[PDB]
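K.L.:
The sequence isn't on hand, but the structure is:
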Ligand SMILES: Nc1nc2c(ncn2[C@@H]2O[C@H](COP(=O)(O)OP(=O)(O)OP(=O)(O)O)[C@@H](O)[C@H]2O)c(=O)[nH]1
Ligand SMILES: Nc1nc2c(ncn2[C@@H]2O[C@H](COP(=O)(O)OP(=O)(O)OP(=O)(O)O)[C@@H](O)[C@H]2O)c(=O)[nH]1
Ligand SMILES: Nc1nc2c(ncn2[C@@H]2O[C@H](COP(=O)(O)OP(=O)(O)OP(=O)(O)O)[C@@H](O)[C@H]2O)c(=O)[nH]1
Ligand SMILES: Nc1ncnc2c1ncn2[C@@H]1O[C@H](COP(=O)(O)OP(=O)(O)OP(=O)(O)O)[C@@H](O)[C@H]1O
Ligand SMILES: Nc1ncnc2c1ncn2[C@@H]1O[C@H](COP(=O)(O)OP(=O)(O)OP(=O)(O)O)[C@@H](O)[C@H]1O
Ligand SMILES: Nc1ncnc2c1ncn2[C@@H]1O[C@H](COP(=O)(O)OP(=O)(O)OP(=O)(O)O)[C@@H](O)[C@H]1O
Ligand SMILES: Nc1ccn([C@@H]2O[C@H](COP(=O)(O)OP(=O)(O)OP(=O)(O)O)[C@@H](O)[C@H]2O)c(=O)n1
Ligand SMILES: Nc1ccn([C@@H]2O[C@H](COP(=O)(O)OP(=O)(O)OP(=O)(O)O)[C@@H](O)[C@H]2O)c(=O)n1
Ligand SMILES: Nc1ccn([C@@H]2O[C@H](COP(=O)(O)OP(=O)(O)OP(=O)(O)O)[C@@H](O)[C@H]2O)c(=O)n1
Ligand SMILES: Nc1ccn([C@@H]2O[C@H](COP(=O)(O)OP(=O)(O)OP(=O)(O)O)[C@@H](O)[C@H]2O)c(=O)n1
Ligand SMILES: [Cl-]
Ligand SMILES: [Cl-]
Ligand SMILES: [Cl-]
Ligand SMILES: [Mg+2]
Ligand SMILES: [Mg+2]
Ligand SMILES: [Mg+2]
Ligand SMILES: [Mg+2]
Ligand SMILES: [Mg+2]
Ligand SMILES: [Mg+2]
Ligand SMILES: [Mg+2]
């Protein structure tokens, strides 16, 4: 998944979609955008990766 | 004339030092201001400042709703946040579309000017329905929290006092009121019969300010520094101007 | 040990009774809260509560506009209600599309905590432009209305005081301010020179709350009962908790 | 110590040169990345980049619809562009309000990293319904287009490979897929039984990127240059960093 695709998207609600385009430009390069916020609340705060017990743990790659 | 910076006849130098000292001391006279700031920090990095500047004593009181992030001229999920409030006022009391509102403050900093007497500071940190301690019947209406205030220092001088607490937990939903009294080392009570009507007038003359800044940077650059205000930033860095006996 | 509920050595029982009594009495000490609630009832069945909780004395003051129903996050005919206000401030002064605004309160209940002294209660019920009695020049700024307050009672105990008046007529368009003073049977004046600066601080530390509930049911279930507040409902039913010398 | 830049004991200098050479060579080892970029240029001067970075082999495949300009958070005539697509998929198949959509790419640049083997590059340039050559029945699923790739050069070093074609005609409506294989001068087949499951994993581990930039300038300054990527601009100017045996 891209950085964009991991960002919170609220189906059927407002998502500050223009401002979040600007947010992305400033994340891709420092001072690259014109966003109205320092930190997007759409950015993930954490990530959990889970595998089924049928995985071989030694083959996992990230 | 004597050469600058080599004698006691550098009157320009003496006048500069006096000018700075007079400012520091005027503020701490009974004729001077006392000021309080409440900073609410939001998860998007923005900061609501509420400031009040008055003579004799000063304070700020805000509802849980009024401390919540409000983006002027933008969308604020206003209906959903009404539902959020109902669920904060009572568990499962609302119909919101979110577990945690990003409009809720993540932290609070309270700063007082150096003209406050730290021992007179009082805080009422209530729950979301504005009750200081679980139930009114057993609530002392305030706690004296002066001992938790850290000195904000520049060049060895106390430029202010700061109390900071984070609200990083889901149950940290608060109303908040804070108050302090201007230093008075004299035995002239400003609230004695002679001057009490002047203190009542100070209630009406107190000047208030609030604004939401987009970042701590913007706050430091365009609010704190230009007005020679004290501040303590997230990295424990002190801001302010040292004036007492200094050029 | 002795068997529960058969002797004076049921210390758990004695501690329960003391705990309740201490709460009742703490509230009525000079260290305790005094609280006032104003309920505005609207024709759609919803209720605006404004509450304020403070030491020494407490009160609330609201404009005619501020008492009007406001539905957070929904449509409120906001332009038309601006026109409504102009026609309420002066006859035929506006251009509204309605004879009677459903946002106008149909009734008002004022409740005080049992820590109030009923004889200190004062109300300023003004007209829509905030004049207590027709013209400022002949207005006493308040009426002492304590004699009209009914006792809200539970188990024989006064859990609060209520004054209720309906505004069922077209000309019942009001501004409203109410105030009361915390019980003080001592001859220590809390506003005497010794403690007056603490009362000025109480002005700043007073915690405030407002919210619109959708029904009297919702108010009873999620505002009154959870916080052990007193209330009197439309069927004259008393709500509150009896604490003095009770388990 | 010896003086800088006058002897073989300038270990800082030798380390710098090695560091650069190791980077160039690591990329071209079987452990390194291979990368492809597709740039679609629009008439408003903006540029969609799609990039993919993977081990062993890499490629990108996009529908005609997905190559069309999409302005995030702005109006895109979305209904009318649905109608446009119907008329591109089949002549006179839609009801659009325009002869030529400004959302259609005016040109395409394909760039590969210098770790690609140019002889393994394959392109499927299909029509708007994703058919490589008029009809499926007579379509070879790809063309080997490596011979048309120009070397992007900086300081004598190949920093990448570019294939550019304009789509300046009304009938230049395309779907597009392109692929290349990481250099492998060894006789170890990365797709042989020993390592083939690792290549299947590379399919899942391939990192993808897309974004629309407003101008070629913005692309050069904020996408190409900061990440040390190769590029060829409209004036035939080469961008990239020369690393092999250089400080
Ligand atoms: N006091 C002092 N300041 C120093 C010293 N070394 C560097 N400084 C810097 O110089 C500043 C103070 O300089 P001065 O104001 O001229 O020294 P002072 O102690 O105030 O002496 P007075 O002007 O007589 O009041 C401080 O902010 C320091 O960062 C030092 O050894 N002593
Ligand atoms: N006092 C009293 N309560 C009754 C009686 N019959 C039923 N009750 C119920 O019991 C409750 C009070 O019971 P208790 O608290 O145990 O009686 P009490 O008068 O408080 O006696 P103490 O516990 O010694 O203070 C009331 O709320 C009544 O509804 C009765 O005859 N006398
Ligand atoms: N090689 C070379 N570079 C020149 C010459 N004149 C100017 N330059 C510039 O200098 C740069 C290369 O300088 P160097 O790296 O120090 O020379 P070099 O050929 O790499 O020699 P080595 O450091 O031993 O590898 C090039 O980018 C040129 O633009 C010249 O006559 N020969
Ligand atoms: N290098 C120094 N040596 C001795 N005294 C100094 C020196 N620098 C400053 N001082 C003096 O010591 C006093 C304290 O200055 P200082 O800068 O240490 O305090 P501060 O700014 O409040 O805290 P800090 O700089 O540690 O964040 C001032 O009078 C200052 O002039
Ligand atoms: N059935 C009873 N007989 C005698 N005394 C009672 C009885 N029930 C309650 N009491 C006592 O009489 C006092 C008054 O209780 P009561 O329930 O009548 O008052 P209340 O709740 O304020 O008003 P109400 O129940 O009439 O709405 C309390 O001390 C209570 O314990
Ligand atoms: N003035 C020069 N005379 C001789 N050799 C040079 C000179 N300038 C650079 N070189 C060397 O010749 C090689 C090619 O450098 P050059 O700058 O000509 O290629 P380029 O950057 O890929 O293409 P171009 O500069 O023509 O756009 C490098 O090793 C460089 O160090
Ligand atoms: N940095 C920004 C942010 C927003 N806006 C303007 O404000 C408008 C509304 O904000 P937007 O980001 O589009 O969010 P919403 O419309 O509220 O939500 P959504 O687009 O997801 O429906 C935008 O169209 C844009 O023109 C802007 O000038 N620049
Ligand atoms: N718990 C919720 C949240 C929202 N909505 C509906 O969705 C609409 C849009 O959401 P809202 O909360 O009003 O936010 P915005 O309109 O996007 O932003 P704002 O009101 O601040 O302009 C509301 O009018 C409301 O009718 C709802 O059904 N119940
Ligand atoms: N007496 C009135 C009432 C309304 N209008 C017009 O009708 C519009 C819509 O009515 P309004 O009073 O604004 O209510 P709503 O938009 O429906 O609700 P709200 O403003 O609270 O969102 C207004 O903008 C106003 O221009 C008018 O001409 N004169
Ligand atoms: N060939 C077309 C083009 C548009 N419309 C109508 O015009 C409206 C507005 O145009 P649209 O194509 O939807 O563009 P915008 O709303 O302006 O932009 P966007 O949808 O991207 O926000 C559409 O909803 C559609 O009903 C139409 O009748 N037939
Ligand atoms: Cl003084
Ligand atoms: Cl007491
Ligand atoms: Cl290798
Ligand atoms: Mg210092
Ligand atoms: Mg809304
Ligand atoms: Mg309107
Ligand atoms: Mg009863
Ligand atoms: Mg939008
Ligand atoms: Mg549309
Ligand atoms: Mg060159």
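P.N.:
Now that the structure is in, tell me what you want to look at. Residues are numbered from 1 along each chain as shown, chains lettered A, B, ... in the order given. Ligands and ions are numbered 1, 2, ... in the order given.
K.L.:
all contacts plus neighbour counts: C-alpha atoms, from now on.
P.N.:
Fine.
K.L.:
what's near enough to touch residue A:38?
P.N.:
B:44-46, B:214-215 (C-alpha atoms under 8 Å, 6 or more residues apart in numbering or on different chains).
K.L.:
For chain A, just list every one of the helices.
P.N.:
Ranges of helices within chain A are A:3-6, A:17-28, based on DSSP state H.
K.L.:
Looking at those helices, spot the one closest to chain C.
P.N.:
Minimum separation from chain C across the helices of chain A (C-alpha to the nearest C-alpha) falls at helix A:17-28, 20.8 Å.
K.L.:
so residue A:7 makes contact with residue A:44?
P.N.:
Yes: shown here, residue A:7 and residue A:44 form a contact pair, counting by C-alpha atoms under 8 Å, at 6.4 Å.
K.L.:
Please say which of these two ends up with more neighbours.
P.N.:
residue A:7 (15 against 11; other C-alpha atoms under 10 Å in any protein chain shown).
K.L.:
number of nearby residues for residue A:62?
P.N.:
5.
K.L.:
and what of residue A:26?
P.N.:
By other C-alpha under 10 Å, neighbour count at residue A:26 equals 17.
K.L.:
for residue A:25, what are its contacts?
P.N.:
Taking C-alpha under 8 Å, 6+ apart, one finds A:32-33 in contact with residue A:25.
K.L.:
Can you pull the residues of chain A lying near ligand 13?
P.N.:
Contact residues (C-alpha under 5 Å from the ion) of chain A with ligand 13: there are none.
K.L.:
re earlier: which one of the helices of chain A lies nearest to ligand 4?
P.N.:
Taking C-alpha to the nearest ligand atom, helix A:17-28 is the member of the helices of chain A nearest to ligand 4, at 32.5 Å.
K.L.:
Go through that closest one and flag the buried ones.
P.N.:
A:19-26 (16 or more other C-alpha atoms under 10 Å in any protein chain shown).
K.L.:
show me which of those residues neighbour ligand 7.
P.N.:
A:19, A:22 (C-alpha under 6 Å from any ligand atom).
K.L.:
Throw the buried residues of helix A:17-28 into TSV and include distance to ligand 5, thanks.
P.N.:
Below are the buried residues of helix A:17-28 laid out as TSV (distance: C-alpha to the nearest ligand atom, whole Å):
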residue	distance to ligand 5
A:19	59
A:20	59
A:21	63
A:22	63
A:23	61
A:24	64
A:25	67
A:26	65
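K.L.:
Closest to chain B out of the buried residues of helix A:17-28?
P.N.:
For the buried residues of helix A:17-28, the residue nearest chain B by C-alpha to the nearest C-alpha is residue A:19; the value is 10.9 Å.
K.L.:
you'd agree that closest one is up against residue A:36?
P.N.:
Yes: Residue A:19 is within contact range of residue A:36, at 6.7 Å (criterion: C-alpha under 8 Å).
K.L.:
ok, residue A:2 - contacts?
P.N.:
D:207-209.
K.L.:
if you set the cut-off to 7 Å instead, what comes out?
P.N.:
D:208-209 (C-alpha atoms under 7 Å, 6 or more residues apart in numbering or on different chains).
K.L.:
Show the residue spans covered by the strands in chain A.
P.N.:
For chain A, applying DSSP state E gives no strands.
K.L.:
No further questions, thank you.
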